[PDB]
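Structure below is structure33.cif: mmCIF, C-alpha atoms.
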```cif
data_model
loop_
_atom_site.group_PDB
_atom_site.id
_atom_site.type_symbol
_atom_site.label_atom_id
_atom_site.label_comp_id
_atom_site.auth_asym_id
_atom_site.auth_seq_id
_atom_site.Cartn_x
_atom_site.Cartn_y
_atom_site.Cartn_z
ATOM 1 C CA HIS A 1 12.145 70.494 -160.411
ATOM 2 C CA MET A 2 15.958 70.594 -160.092
ATOM 3 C CA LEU A 3 18.843 69.413 -157.884
ATOM 4 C CA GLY A 4 19.340 72.746 -156.086
ATOM 5 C CA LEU A 5 16.817 72.275 -153.252
ATOM 6 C CA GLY A 6 14.857 69.092 -154.070
ATOM 7 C CA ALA A 7 16.774 65.800 -153.719
ATOM 8 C CA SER A 8 20.161 67.412 -152.954
ATOM 9 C CA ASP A 9 19.596 68.293 -149.272
ATOM 10 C CA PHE A 10 20.089 64.849 -147.678
ATOM 11 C CA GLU A 11 23.843 64.322 -148.259
ATOM 12 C CA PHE A 12 24.738 63.386 -144.650
ATOM 13 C CA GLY A 13 22.610 66.398 -143.624
ATOM 14 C CA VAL A 14 19.451 64.613 -142.413
ATOM 15 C CA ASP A 15 20.329 63.393 -138.895
ATOM 16 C CA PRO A 16 23.319 62.376 -136.759
ATOM 17 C CA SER A 17 21.789 58.948 -136.000
ATOM 18 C CA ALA A 18 21.910 58.195 -139.757
ATOM 19 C CA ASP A 19 25.697 57.636 -139.546
ATOM 20 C CA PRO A 20 27.990 56.662 -136.681
ATOM 21 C CA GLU A 21 30.839 58.434 -138.523
ATOM 22 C CA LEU A 22 29.114 61.831 -138.295
ATOM 23 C CA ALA A 23 27.674 61.177 -134.816
ATOM 24 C CA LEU A 24 31.099 60.329 -133.351
ATOM 25 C CA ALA A 25 32.877 63.061 -135.354
ATOM 26 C CA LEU A 26 30.644 65.737 -133.777
ATOM 27 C CA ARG A 27 30.932 64.040 -130.359
ATOM 28 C CA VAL A 28 34.746 63.930 -130.460
ATOM 29 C CA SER A 29 34.999 67.629 -131.402
ATOM 30 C CA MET A 30 32.512 68.772 -128.728
ATOM 31 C CA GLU A 31 34.450 66.880 -126.025
ATOM 32 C CA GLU A 32 37.816 68.270 -127.201
ATOM 33 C CA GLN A 33 36.618 71.886 -126.839
ATOM 34 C CA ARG A 34 35.301 71.099 -123.334
ATOM 35 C CA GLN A 35 38.792 69.947 -122.272
ATOM 36 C CA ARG A 36 40.259 73.287 -123.423
ATOM 37 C CA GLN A 37 37.615 75.359 -121.589
ATOM 38 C CA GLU A 38 37.977 73.039 -118.563
ATOM 39 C CA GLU A 39 41.766 72.916 -118.065
ATOM 40 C CA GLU A 40 41.570 76.669 -118.746
ATOM 41 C CA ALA A 41 38.580 77.222 -116.418
ATOM 42 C CA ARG A 42 40.144 75.140 -113.622
ATOM 43 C CA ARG A 43 43.610 76.752 -113.769
ATOM 44 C CA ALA A 44 42.096 80.257 -114.004
ATOM 45 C CA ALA A 45 39.797 79.672 -111.002
ATOM 46 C CA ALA A 46 42.715 78.282 -108.954
ATOM 47 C CA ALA A 47 44.985 81.280 -109.661
ATOM 48 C CA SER A 48 42.262 83.815 -108.767
ATOM 49 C CA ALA A 49 41.322 81.637 -105.762
ATOM 50 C CA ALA A 50 44.825 82.182 -104.311
ATOM 51 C CA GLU A 51 44.339 85.982 -104.241
ATOM 52 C CA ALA A 52 40.839 86.704 -102.877
ATOM 53 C CA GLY A 53 39.851 83.359 -101.308
ATOM 54 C CA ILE A 54 43.173 81.966 -100.021
ATOM 55 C CA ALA A 55 41.073 79.593 -97.860
ATOM 56 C CA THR A 56 40.423 76.014 -99.060
ATOM 57 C CA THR A 57 39.070 75.577 -102.614
ATOM 58 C CA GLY A 58 39.715 72.155 -104.202
ATOM 59 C CA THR A 59 43.399 71.139 -104.355
ATOM 60 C CA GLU A 60 45.745 73.115 -102.066
ATOM 61 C CA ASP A 61 47.763 70.530 -100.090
ATOM 62 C CA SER A 62 51.312 71.195 -101.358
ATOM 63 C CA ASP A 63 51.258 74.617 -103.071
ATOM 64 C CA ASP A 64 54.687 75.957 -102.060
ATOM 65 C CA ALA A 65 55.896 72.384 -101.531
ATOM 66 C CA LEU A 66 55.372 71.733 -105.250
ATOM 67 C CA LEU A 67 57.257 74.979 -105.955
ATOM 68 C CA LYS A 68 60.173 74.136 -103.626
ATOM 69 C CA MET A 69 60.227 70.321 -104.000
ATOM 70 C CA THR A 70 60.269 70.772 -107.806
ATOM 71 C CA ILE A 71 63.066 73.380 -107.788
ATOM 72 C CA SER A 72 64.894 71.579 -104.952
ATOM 73 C CA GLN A 73 65.424 68.383 -106.978
ATOM 74 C CA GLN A 74 66.073 70.349 -110.198
ATOM 75 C CA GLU A 75 68.272 73.169 -108.832
ATOM 76 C CA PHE A 76 70.201 70.537 -106.834
ATOM 77 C CA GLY A 77 71.012 68.454 -109.938
ATOM 78 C CA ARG A 78 74.591 69.101 -111.148
ATOM 79 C CA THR A 79 75.022 72.897 -111.066
ATOM 80 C CA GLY A 80 78.807 73.213 -111.503
ATOM 81 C CA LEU A 81 78.445 74.251 -115.166
ATOM 82 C CA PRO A 82 76.338 76.641 -117.227
ATOM 83 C CA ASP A 83 74.775 73.604 -118.989
ATOM 84 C CA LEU A 84 75.932 72.669 -122.506
ATOM 85 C CA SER A 85 73.948 70.008 -124.413
ATOM 86 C CA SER A 86 70.828 71.127 -122.492
ATOM 87 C CA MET A 87 70.637 74.373 -124.509
ATOM 88 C CA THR A 88 71.497 75.126 -128.176
ATOM 89 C CA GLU A 89 74.347 76.512 -130.309
ATOM 90 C CA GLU A 90 72.719 79.948 -130.048
ATOM 91 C CA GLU A 91 72.218 79.652 -126.281
ATOM 92 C CA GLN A 92 75.838 78.495 -126.006
ATOM 93 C CA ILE A 93 76.714 81.268 -128.470
ATOM 94 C CA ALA A 94 75.099 83.824 -126.130
ATOM 95 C CA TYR A 95 77.539 82.570 -123.499
ATOM 96 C CA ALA A 96 80.642 83.175 -125.657
ATOM 97 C CA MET A 97 79.229 86.436 -127.070
ATOM 98 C CA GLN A 98 78.205 87.580 -123.586
ATOM 99 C CA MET A 99 81.820 87.155 -122.411
ATOM 100 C CA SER A 100 83.510 88.327 -125.638
ATOM 101 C CA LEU A 101 82.023 91.851 -125.551
ATOM 102 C CA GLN A 102 82.489 91.788 -121.748
ATOM 103 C CA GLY A 103 86.305 91.560 -121.913
ATOM 104 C CA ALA A 104 88.093 94.698 -123.171
ATOM 105 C CA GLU A 105 85.510 97.516 -122.992
ATOM 106 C CA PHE A 106 86.672 100.570 -121.000
ATOM 107 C CA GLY A 107 85.028 103.454 -122.897
ATOM 108 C CA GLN A 108 83.886 101.754 -126.127
ATOM 109 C CA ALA A 109 80.405 100.348 -125.396
ATOM 110 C CA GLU A 110 77.094 100.599 -127.312
ATOM 111 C CA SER A 111 76.439 104.368 -127.185
ATOM 112 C CA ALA A 112 74.383 106.164 -129.867
ATOM 113 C CA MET B 1 100.816 85.112 -135.260
ATOM 114 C CA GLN B 2 99.530 83.261 -132.174
ATOM 115 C CA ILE B 3 96.016 83.543 -130.688
ATOM 116 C CA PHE B 4 94.183 82.192 -127.612
ATOM 117 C CA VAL B 5 90.786 80.430 -127.591
ATOM 118 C CA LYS B 6 88.709 79.990 -124.406
ATOM 119 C CA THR B 7 86.171 77.126 -124.247
ATOM 120 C CA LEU B 8 83.056 76.782 -122.048
ATOM 121 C CA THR B 9 85.329 75.117 -119.444
ATOM 122 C CA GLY B 10 87.514 78.238 -119.045
ATOM 123 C CA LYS B 11 90.259 76.334 -120.924
ATOM 124 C CA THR B 12 92.448 78.559 -123.135
ATOM 125 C CA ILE B 13 94.411 77.072 -126.062
ATOM 126 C CA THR B 14 97.279 78.840 -127.872
ATOM 127 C CA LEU B 15 97.379 78.327 -131.666
ATOM 128 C CA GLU B 16 99.575 79.653 -134.505
ATOM 129 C CA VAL B 17 97.565 81.428 -137.235
ATOM 130 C CA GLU B 18 97.802 84.405 -139.611
ATOM 131 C CA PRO B 19 95.439 87.342 -140.162
ATOM 132 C CA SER B 20 94.688 86.115 -143.709
ATOM 133 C CA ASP B 21 93.595 82.696 -142.353
ATOM 134 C CA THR B 22 89.850 81.958 -142.578
ATOM 135 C CA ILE B 23 87.757 81.015 -139.518
ATOM 136 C CA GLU B 24 87.278 77.514 -140.986
ATOM 137 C CA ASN B 25 91.081 77.149 -140.952
ATOM 138 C CA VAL B 26 91.152 78.218 -137.284
ATOM 139 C CA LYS B 27 88.541 75.586 -136.360
ATOM 140 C CA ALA B 28 90.593 72.885 -138.121
ATOM 141 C CA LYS B 29 93.603 74.033 -136.063
ATOM 142 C CA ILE B 30 91.671 73.593 -132.796
ATOM 143 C CA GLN B 31 90.526 70.116 -133.905
ATOM 144 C CA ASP B 32 94.095 68.932 -134.622
ATOM 145 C CA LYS B 33 95.025 70.262 -131.151
ATOM 146 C CA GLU B 34 92.117 68.726 -129.189
ATOM 147 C CA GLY B 35 90.135 66.475 -131.563
ATOM 148 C CA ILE B 36 86.756 68.253 -131.897
ATOM 149 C CA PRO B 37 84.930 68.317 -135.246
ATOM 150 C CA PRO B 38 85.247 71.693 -137.006
ATOM 151 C CA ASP B 39 81.525 71.469 -137.857
ATOM 152 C CA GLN B 40 80.742 71.706 -134.117
ATOM 153 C CA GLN B 41 83.313 74.462 -133.424
ATOM 154 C CA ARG B 42 82.104 78.088 -133.285
ATOM 155 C CA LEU B 43 84.305 81.195 -132.920
ATOM 156 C CA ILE B 44 82.883 84.261 -131.123
ATOM 157 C CA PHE B 45 84.699 87.612 -130.749
ATOM 158 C CA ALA B 46 83.615 91.032 -129.379
ATOM 159 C CA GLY B 47 80.052 89.609 -129.361
ATOM 160 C CA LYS B 48 80.274 88.918 -133.121
ATOM 161 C CA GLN B 49 80.131 85.371 -134.543
ATOM 162 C CA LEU B 50 82.923 84.703 -137.073
ATOM 163 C CA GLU B 51 81.846 83.309 -140.473
ATOM 164 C CA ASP B 52 83.859 80.395 -141.950
ATOM 165 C CA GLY B 53 84.058 82.502 -145.146
ATOM 166 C CA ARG B 54 85.637 85.440 -143.257
ATOM 167 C CA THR B 55 89.300 85.721 -142.182
ATOM 168 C CA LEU B 56 90.657 86.687 -138.733
ATOM 169 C CA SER B 57 91.727 90.114 -140.083
ATOM 170 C CA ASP B 58 88.086 90.820 -141.045
ATOM 171 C CA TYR B 59 87.261 90.881 -137.309
ATOM 172 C CA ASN B 60 90.243 93.124 -136.439
ATOM 173 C CA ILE B 61 91.706 90.088 -134.622
ATOM 174 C CA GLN B 62 95.389 90.787 -133.854
ATOM 175 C CA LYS B 63 98.064 88.517 -132.307
ATOM 176 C CA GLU B 64 97.440 87.486 -128.671
ATOM 177 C CA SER B 65 93.703 87.981 -129.361
ATOM 178 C CA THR B 66 91.287 86.009 -127.139
ATOM 179 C CA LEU B 67 88.477 84.263 -129.058
ATOM 180 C CA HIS B 68 85.589 82.268 -127.544
ATOM 181 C CA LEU B 69 84.695 78.715 -128.655
ATOM 182 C CA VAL B 70 81.082 77.438 -128.696
ATOM 183 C CA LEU B 71 79.604 73.990 -129.451
ATOM 184 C CA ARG B 72 77.205 73.775 -132.426
ATOM 185 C CA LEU B 73 74.516 71.052 -132.319
ATOM 186 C CA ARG B 74 73.099 70.718 -135.860
ATOM 187 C CA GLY B 75 74.760 67.660 -137.448
ATOM 188 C CA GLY B 76 73.150 64.192 -137.350
#
```
Can you present the structure in this file as structure tokens?
Amino acid sequence: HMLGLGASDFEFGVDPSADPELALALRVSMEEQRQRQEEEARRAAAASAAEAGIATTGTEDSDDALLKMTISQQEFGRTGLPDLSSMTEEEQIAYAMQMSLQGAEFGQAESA
Amino acid sequence: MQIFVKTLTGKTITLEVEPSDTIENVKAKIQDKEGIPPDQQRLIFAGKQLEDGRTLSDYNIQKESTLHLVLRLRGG
């Protein structure tokens, strides 16, 4: 006999009820995957439901209201500036670079 | 020579610099004029960012040139 397939096939490989650490580990991973296929199966069904079956479906009380109410409180929140600390040095750089090359350019642009 | 720098607030400042001056020296000049840290000052010209190791002449910047100033957020 040897230890290749005799007494070396029980290392936490006999049953899930033989250890609450392996039973919960496999139960926590199975539930996590379900959340990904769920939030992805619910959002996908809702998007396609607003194209062929615009009628009721599950949650359609404030569809455009959520689109307007969300952009109404955000778009109406201090808009007298192109934002500064809300972006980055590169985003702010795009602003200065976007105006720098857009100053004196009457014939010399980016032609090939 | 003298040059102008426009900030995100459309404010333009006039400074006295030479073509052999480095960009880092230009940022220090803006700080002494306003009070902003040179580490957060960025100079942009013709769509090209100026490098602290490069001089104004390297970017063909001549007197009365208009440079753009940007804020850099990377210092804690």
### chain B contacts to chain A at 12 Å (all atoms listed in the file) as a PyMOL selection string
chain B and resi 5-10+39-50+65-75
The centre and edge lengths of an axis-aligned box containing all atoms of region 100-104 of chain A present in the file, extended by 6 Å on each side, are to be given in Å to one decimal, as AutoDock Vina command-line options.
```
--center_x 85.1 --center_y 91.5 --center_z -123.7 --size_x 18.1 --size_y 18.4 --size_z 15.9
```
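CA of residue 34 (chain A) lies 26.4 Å from CA of residue 61 (chain A).
Atom pair CA of residue 53 (chain B) / CA of residue 23 (chain B): separated by 6.9 Å.
With CA of residue 43 (chain A) on one side and CA of residue 63 (chain A) on the other, the separation reads 13.3 Å.
Selection result for the displayed file, with the PyMOL selection byres ((chain B and resi 33) around 12) as criterion, is residues 5, 12, 13, 14, 15, 16, 26, 27, 28, 29, 30, 31, 32, 34, 35, 36, 37 and 38 of chain B.
Proximity of A:7, A:30, A:19, A:57 to residue 42 (chain A), computed with only C-alpha atoms, is greatest for A:57.
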Select, counting all atoms listed in the file, all protein, DNA and RNA residues no farther than 8 Å from (98.6, 82.6, -139.1) in file coordinates, and express the selection as a PDB file with C-alpha atoms, in the frame of the given file.
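Full text of result.pdb as output:
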```
ATOM      1  CA  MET B   1     100.816  85.112-135.260  1.00  0.00           C
ATOM      2  CA  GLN B   2      99.530  83.261-132.174  1.00  0.00           C
ATOM      3  CA  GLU B  16      99.575  79.653-134.505  1.00  0.00           C
ATOM      4  CA  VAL B  17      97.565  81.428-137.235  1.00  0.00           C
ATOM      5  CA  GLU B  18      97.802  84.405-139.611  1.00  0.00           C
ATOM      6  CA  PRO B  19      95.439  87.342-140.162  1.00  0.00           C
ATOM      7  CA  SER B  20      94.688  86.115-143.709  1.00  0.00           C
ATOM      8  CA  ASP B  21      93.595  82.696-142.353  1.00  0.00           C
TER       9      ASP B  21
END
```
